Amino acid sequence: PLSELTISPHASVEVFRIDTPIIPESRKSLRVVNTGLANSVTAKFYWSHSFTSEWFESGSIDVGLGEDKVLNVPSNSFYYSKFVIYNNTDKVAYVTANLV
Ligand code: NA
Ligand code: NA
Ligand code: NA
């Protein structure tokens, strides 16, 4: 799966939520390419389970302008997962995101 994403200044975008609520499964990693203009974006992996209101952070990478990096994910099986990519800058981020 691949997505061309526009991430507005001081904003985040949630991508690739995957629900496997009965039988948990390991998850694919996320390849992130930051093409600018934002000097960096931070991609994080989140997971949850059926009896909580929270998502839990487990893993993070920073991707600078011009960088092509994979955010690794845990070896664990999960019931619910998603990624959040954060643009903590005043410039728009044009990024690509795909599962690998
Ligand atoms: Na906001
Ligand atoms: Na809930
Ligand atoms: Na991770």
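That block above? That's the structure.
Residues numbered from 1 in each chain as written, not as in the entry; some residues may be left out. Chains lettered and ligands numbered in written order. Heavy atoms only, no water. Residues with missing side-chain atoms left out of burial classes, pairs and counts.

Draft legend 1. Looking closely at the sheet that holds strand β3 (residues 30-37). In spatial order, the strands read β1-β8-β3-β6; together these four strands make up an open sheet with antiparallel pairing. At either margin of the open sheet sits one strand with a lone partner, and together these are β1 (2-7) and β6 (68-71). Neighbouring strand axes in the sheet, compared pairwise and without regard to direction, differ in orientation by 25° on average. (Pairing = 2+ DSSP bridges. Helix = DSSP H or I, 4+ residues; strand = E, 2+ residues; numbered from the N terminus. Axes fitted to C-alpha atoms, helices over the stretch in contact; angles between N-to-C directions.)

Draft legend 2. Focus on unusual backbone geometry. The step from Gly36 to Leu37 runs through a cis peptide bond, and the omega angle for that step is 0°. The phi angle at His10 is positive, at roughly 50°, despite the residue not being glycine. In the Ramachandran plot, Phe16 falls in the positive-phi region, its phi being about 55° despite a non-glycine side chain. Looking at where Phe16 falls in the secondary structure, it is placed in strand β2 (residues 11-19).

Draft legend 3. Geometry of the sheet that holds strand β5 (residues 56-64). If you walk across this open sheet you meet the four strands as β2-β7-β4-β5, and the pairing is antiparallel. Lying at the two open borders of the sheet, with one neighbouring strand each, are β2 and β5. Across the sheet, the mean angle from the axis of one strand to that of its neighbour is 20°, orientation sign disregarded. Inspection of the sheet shows strand β4 (residues 40-48) paired to β5 by seven bridges, in the antiparallel sense. Looking at the pairing, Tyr46 lines up with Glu57 of β5.

Draft legend 4. Structural context of the nonpolar core. Among the nonpolar cores identified, the biggest contains 21 residues, and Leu30, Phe83 and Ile85 are the most heavily contacted of them. Within the residue set of this core, elements represented by two or more residues are β1, β2, β3, β4, β5, β7 (80-87) and β8 (93-99). It is β8 that provides the largest number of residues to this core, a total of four residues. Residues within four places of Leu30 in sequence aside, it is in contact with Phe16, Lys69, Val70, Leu71, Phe83, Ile85, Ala97, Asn98, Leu99 and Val100. (Core = buried A, V, L, I, M, F, W, Y, C linked by side-chain atoms within 4.5 Å. Buried < 20%, exposed > 50% of the residue type's maximum accessible area, 1.4 Å probe, protein only. Contact = heavy atoms within 4.5 Å.)

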